[PDB]
>>> print(open('start.pdb').read())   # PDB, C-alpha atoms
ATOM      1  CA  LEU M   3      17.156  15.267  40.706  1.00  0.00           C
ATOM      2  CA  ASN M   4      13.379  14.820  40.696  1.00  0.00           C
ATOM      3  CA  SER M   5      11.913  18.305  40.329  1.00  0.00           C
ATOM      4  CA  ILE M   6       8.367  18.969  39.131  1.00  0.00           C
ATOM      5  CA  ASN M   7       9.430  21.982  37.046  1.00  0.00           C
ATOM      6  CA  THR M   8      11.134  19.960  34.291  1.00  0.00           C
ATOM      7  CA  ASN M   9      11.190  16.497  32.716  1.00  0.00           C
ATOM      8  CA  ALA M  10      14.063  15.691  30.361  1.00  0.00           C
ATOM      9  CA  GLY M  11      13.001  12.099  29.697  1.00  0.00           C
ATOM     10  CA  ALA M  12       9.752  13.273  28.132  1.00  0.00           C
ATOM     11  CA  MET M  13      11.837  15.667  26.027  1.00  0.00           C
ATOM     12  CA  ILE M  14      14.026  12.919  24.551  1.00  0.00           C
ATOM     13  CA  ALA M  15      10.932  10.731  24.129  1.00  0.00           C
ATOM     14  CA  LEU M  16       9.230  13.492  22.136  1.00  0.00           C
ATOM     15  CA  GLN M  17      12.350  13.983  20.010  1.00  0.00           C
ATOM     16  CA  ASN M  18      12.461  10.289  19.113  1.00  0.00           C
ATOM     17  CA  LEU M  19       8.703  10.222  18.477  1.00  0.00           C
ATOM     18  CA  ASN M  20       8.884  13.165  16.065  1.00  0.00           C
ATOM     19  CA  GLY M  21      11.818  11.550  14.266  1.00  0.00           C
ATOM     20  CA  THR M  22       9.852   8.336  13.802  1.00  0.00           C
ATOM     21  CA  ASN M  23       6.849  10.380  12.641  1.00  0.00           C
ATOM     22  CA  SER M  24       8.980  12.103   9.995  1.00  0.00           C
ATOM     23  CA  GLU M  25      10.317   8.741   8.809  1.00  0.00           C
ATOM     24  CA  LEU M  26       6.802   7.313   8.526  1.00  0.00           C
ATOM     25  CA  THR M  27       5.677  10.445   6.665  1.00  0.00           C
ATOM     26  CA  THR M  28       8.414  10.175   4.049  1.00  0.00           C
ATOM     27  CA  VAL M  29       7.772   6.441   3.672  1.00  0.00           C
ATOM     28  CA  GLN M  30       4.033   6.862   3.114  1.00  0.00           C
ATOM     29  CA  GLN M  31       4.737   9.710   0.690  1.00  0.00           C
ATOM     30  CA  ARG M  32       7.025   7.488  -1.377  1.00  0.00           C
ATOM     31  CA  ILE M  33       4.364   4.762  -1.192  1.00  0.00           C
ATOM     32  CA  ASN M  34       1.622   6.947  -2.627  1.00  0.00           C
ATOM     33  CA  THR M  35       3.873   8.565  -5.239  1.00  0.00           C
ATOM     34  CA  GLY M  36       5.747   5.382  -6.190  1.00  0.00           C
ATOM     35  CA  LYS M  37       9.008   7.314  -6.570  1.00  0.00           C
ATOM     36  CA  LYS M  38      12.121   7.602  -4.417  1.00  0.00           C
ATOM     37  CA  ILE M  39      12.784  11.026  -5.942  1.00  0.00           C
ATOM     38  CA  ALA M  40       9.442  12.831  -5.874  1.00  0.00           C
ATOM     39  CA  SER M  41      10.719  16.422  -5.808  1.00  0.00           C
ATOM     40  CA  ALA M  42      13.850  18.553  -5.673  1.00  0.00           C
ATOM     41  CA  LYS M  43      13.676  18.306  -1.878  1.00  0.00           C
ATOM     42  CA  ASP M  44      14.398  14.573  -2.128  1.00  0.00           C
ATOM     43  CA  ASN M  45      17.669  14.821  -4.083  1.00  0.00           C
ATOM     44  CA  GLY M  46      18.388  17.663  -6.479  1.00  0.00           C
ATOM     45  CA  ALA M  47      20.999  16.233  -8.844  1.00  0.00           C
ATOM     46  CA  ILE M  48      19.311  13.022  -9.982  1.00  0.00           C
ATOM     47  CA  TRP M  49      15.934  14.781  -9.932  1.00  0.00           C
ATOM     48  CA  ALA M  50      17.300  17.406 -12.332  1.00  0.00           C
ATOM     49  CA  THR M  51      18.787  14.735 -14.579  1.00  0.00           C
ATOM     50  CA  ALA M  52      15.475  12.867 -14.516  1.00  0.00           C
ATOM     51  CA  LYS M  53      13.487  15.961 -15.488  1.00  0.00           C
ATOM     52  CA  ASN M  54      15.785  16.808 -18.400  1.00  0.00           C
ATOM     53  CA  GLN M  55      16.007  13.183 -19.537  1.00  0.00           C
ATOM     54  CA  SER M  56      12.253  12.571 -19.393  1.00  0.00           C
TER
ATOM     55  CA  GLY L 219      -9.323   6.824 -54.586  1.00  0.00           C
ATOM     56  CA  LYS L 220      -5.755   6.000 -53.600  1.00  0.00           C
ATOM     57  CA  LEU L 221      -5.179   9.634 -52.593  1.00  0.00           C
ATOM     58  CA  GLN L 222      -8.239   9.558 -50.324  1.00  0.00           C
ATOM     59  CA  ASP L 223      -6.940   6.376 -48.710  1.00  0.00           C
ATOM     60  CA  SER L 224      -3.569   8.054 -48.156  1.00  0.00           C
ATOM     61  CA  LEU L 225      -5.147  11.136 -46.552  1.00  0.00           C
ATOM     62  CA  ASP L 226      -7.332   9.056 -44.237  1.00  0.00           C
ATOM     63  CA  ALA L 227      -4.367   6.903 -43.202  1.00  0.00           C
ATOM     64  CA  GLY L 228      -2.404  10.088 -42.536  1.00  0.00           C
ATOM     65  CA  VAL L 229      -5.154  11.381 -40.258  1.00  0.00           C
ATOM     66  CA  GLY L 230      -5.149   8.051 -38.446  1.00  0.00           C
ATOM     67  CA  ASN L 231      -1.384   8.127 -37.973  1.00  0.00           C
ATOM     68  CA  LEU L 232      -1.691  11.723 -36.776  1.00  0.00           C
ATOM     69  CA  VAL L 233      -4.313  11.185 -34.078  1.00  0.00           C
ATOM     70  CA  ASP L 234      -4.962   7.528 -33.249  1.00  0.00           C
ATOM     71  CA  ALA L 235      -3.773   6.166 -29.905  1.00  0.00           C
ATOM     72  CA  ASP L 236      -1.771   2.963 -29.420  1.00  0.00           C
ATOM     73  CA  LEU L 237      -3.954   0.696 -27.284  1.00  0.00           C
ATOM     74  CA  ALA L 238      -1.179  -1.792 -26.441  1.00  0.00           C
ATOM     75  CA  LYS L 239       0.607   0.667 -24.146  1.00  0.00           C
ATOM     76  CA  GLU L 240      -2.783   1.822 -22.873  1.00  0.00           C
ATOM     77  CA  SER L 241      -3.497  -1.719 -21.661  1.00  0.00           C
ATOM     78  CA  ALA L 242      -0.440  -1.666 -19.393  1.00  0.00           C
ATOM     79  CA  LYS L 243      -1.023   1.902 -18.216  1.00  0.00           C
ATOM     80  CA  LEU L 244      -4.598   1.042 -17.213  1.00  0.00           C
ATOM     81  CA  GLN L 245      -3.635  -1.741 -14.801  1.00  0.00           C
ATOM     82  CA  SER L 246      -0.632   0.203 -13.517  1.00  0.00           C
ATOM     83  CA  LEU L 247      -2.796   3.226 -12.684  1.00  0.00           C
ATOM     84  CA  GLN L 248      -5.483   1.070 -11.061  1.00  0.00           C
ATOM     85  CA  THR L 249      -2.851  -0.370  -8.732  1.00  0.00           C
ATOM     86  CA  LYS L 250      -1.449   3.147  -8.280  1.00  0.00           C
ATOM     87  CA  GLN L 251      -4.759   4.650  -7.176  1.00  0.00           C
ATOM     88  CA  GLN L 252      -5.415   1.732  -4.837  1.00  0.00           C
ATOM     89  CA  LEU L 253      -2.019   2.294  -3.206  1.00  0.00           C
ATOM     90  CA  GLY L 254      -2.721   6.025  -3.005  1.00  0.00           C
ATOM     91  CA  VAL L 255      -6.056   5.445  -1.283  1.00  0.00           C
ATOM     92  CA  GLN L 256      -4.355   3.082   1.169  1.00  0.00           C
ATOM     93  CA  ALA L 257      -1.598   5.593   1.933  1.00  0.00           C
ATOM     94  CA  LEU L 258      -4.092   8.432   2.405  1.00  0.00           C
ATOM     95  CA  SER L 259      -6.110   6.205   4.743  1.00  0.00           C
ATOM     96  CA  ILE L 260      -2.945   5.590   6.768  1.00  0.00           C
ATOM     97  CA  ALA L 261      -2.070   9.304   6.745  1.00  0.00           C
ATOM     98  CA  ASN L 262      -5.529  10.307   7.998  1.00  0.00           C
ATOM     99  CA  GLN L 263      -4.888   8.551  11.332  1.00  0.00           C
ATOM    100  CA  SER L 264      -1.881  10.669  12.354  1.00  0.00           C
ATOM    101  CA  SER L 265      -3.909  12.565  14.972  1.00  0.00           C
ATOM    102  CA  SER L 266      -5.457   9.430  16.507  1.00  0.00           C
ATOM    103  CA  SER L 267      -2.383   8.656  18.626  1.00  0.00           C
ATOM    104  CA  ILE L 268      -2.576  12.037  20.395  1.00  0.00           C
ATOM    105  CA  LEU L 269      -5.527  10.968  22.551  1.00  0.00           C
ATOM    106  CA  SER L 270      -3.401   8.193  24.081  1.00  0.00           C
ATOM    107  CA  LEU L 271      -1.177  10.840  25.684  1.00  0.00           C
ATOM    108  CA  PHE L 272      -4.068  11.959  27.909  1.00  0.00           C
TER
END
>>> encode(input="start.pdb", output="structure tokens")
Amino acid sequence: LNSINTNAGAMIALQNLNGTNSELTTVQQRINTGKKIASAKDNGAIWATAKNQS
Amino acid sequence: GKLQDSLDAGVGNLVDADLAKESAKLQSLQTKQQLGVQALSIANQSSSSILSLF
């Protein structure tokens, strides 16, 4: 298989690249907020406990 | 005279800030804003890698 109409290897490469981009995004977001649990999207239970407790 | 002193001390207890905690918060927030500027500078470059694809 070596057709010009498709390219799976680029597809898996793009998948891995977007995954790494998402990881870097969440890391830089926790860097500039200084908090592992910035919002309810991060982890709802401990975030709720933190809001009530604070 | 003693009643005036009591009223003025009550106003002071009611409004005055505690500078000791302020001294720690100042340095913590200076480091925090520096980290935030660094993270935003890193985040600004997300589109720079796209040109390498072409």
>>> interface_residues(input="start.pdb", of="chain M", to="chain L", cutoff="7 Å", atoms="all atoms listed in the file", output="list in words")
residues 30, 33 and 34 of chain M
>>> write_last_selection(input="start.pdb", atoms="C-alpha atoms", output="CSV table (one decimal), in the frame of the given file")
chain,number,residue,atom,x,y,z
M,30,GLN,CA,4.0,6.9,3.1
M,33,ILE,CA,4.4,4.8,-1.2
M,34,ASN,CA,1.6,6.9,-2.6
>>> atom_distance(input="start.pdb", atom1="CA of residue 50 in chain M", atom2="CA of residue 239 in chain L")
26.4 Å
>>> residues_around(input="start.pdb", residues="range 16-25 of chain M", least_positions_apart="6", cutoff="12 Å", atoms="only C-alpha atoms", output="list in words")
residues 9, 10, 31 and 32 of chain M; 261, 263, 264, 265, 267, 268 and 271 of chain L
>>> axis_aligned_box(input="start.pdb", around="range 247-255 of chain L", padding_each_side="6 Å", output="lines of an AutoDock Vina configuration file")
center_x = -3.8
center_y = 2.8
center_z = -7.0
size_x = 16.6
size_y = 18.4
size_z = 23.4
>>> atom_distance(input="start.pdb", atom1="CA of residue 249 in chain L", atom2="CA of residue 235 in chain L")
22.2 Å
>>> decode(input="start.pdb", residues="range 8-37 of chain M", atoms="C-alpha atoms", output="PDB file, in the first residue's frame")
ATOM      1  CA  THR M   8      -4.532   8.671   1.930  1.00  0.00           C
ATOM      2  CA  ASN M   9      -1.765   8.787   4.540  1.00  0.00           C
ATOM      3  CA  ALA M  10      -2.405   7.027   7.848  1.00  0.00           C
ATOM      4  CA  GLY M  11       1.019   7.770   9.331  1.00  0.00           C
ATOM      5  CA  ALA M  12       0.348  11.501   9.192  1.00  0.00           C
ATOM      6  CA  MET M  13      -2.984  10.786  10.893  1.00  0.00           C
ATOM      7  CA  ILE M  14      -1.407   9.029  13.885  1.00  0.00           C
ATOM      8  CA  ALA M  15       1.309  11.703  13.979  1.00  0.00           C
ATOM      9  CA  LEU M  16      -1.351  14.421  14.178  1.00  0.00           C
ATOM     10  CA  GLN M  17      -3.193  12.520  16.914  1.00  0.00           C
ATOM     11  CA  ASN M  18      -0.043  12.282  19.032  1.00  0.00           C
ATOM     12  CA  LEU M  19       0.821  15.930  18.345  1.00  0.00           C
ATOM     13  CA  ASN M  20      -2.609  17.137  19.481  1.00  0.00           C
ATOM     14  CA  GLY M  21      -2.363  14.989  22.608  1.00  0.00           C
ATOM     15  CA  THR M  22       0.999  16.521  23.478  1.00  0.00           C
ATOM     16  CA  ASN M  23      -0.432  19.983  22.765  1.00  0.00           C
ATOM     17  CA  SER M  24      -3.301  19.354  25.189  1.00  0.00           C
ATOM     18  CA  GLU M  25      -0.856  18.167  27.855  1.00  0.00           C
ATOM     19  CA  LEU M  26       1.303  21.270  27.420  1.00  0.00           C
ATOM     20  CA  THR M  27      -1.813  23.462  27.568  1.00  0.00           C
ATOM     21  CA  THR M  28      -2.985  22.003  30.871  1.00  0.00           C
ATOM     22  CA  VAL M  29       0.539  22.232  32.293  1.00  0.00           C
ATOM     23  CA  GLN M  30       0.967  25.898  31.374  1.00  0.00           C
ATOM     24  CA  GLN M  31      -2.514  26.623  32.731  1.00  0.00           C
ATOM     25  CA  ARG M  32      -1.610  25.085  36.087  1.00  0.00           C
ATOM     26  CA  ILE M  33       1.656  27.050  35.985  1.00  0.00           C
ATOM     27  CA  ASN M  34      -0.048  30.406  35.549  1.00  0.00           C
ATOM     28  CA  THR M  35      -2.841  29.640  38.022  1.00  0.00           C
ATOM     29  CA  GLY M  36      -0.637  27.897  40.600  1.00  0.00           C
ATOM     30  CA  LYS M  37      -3.377  25.360  41.353  1.00  0.00           C
TER      31      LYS M  37
END
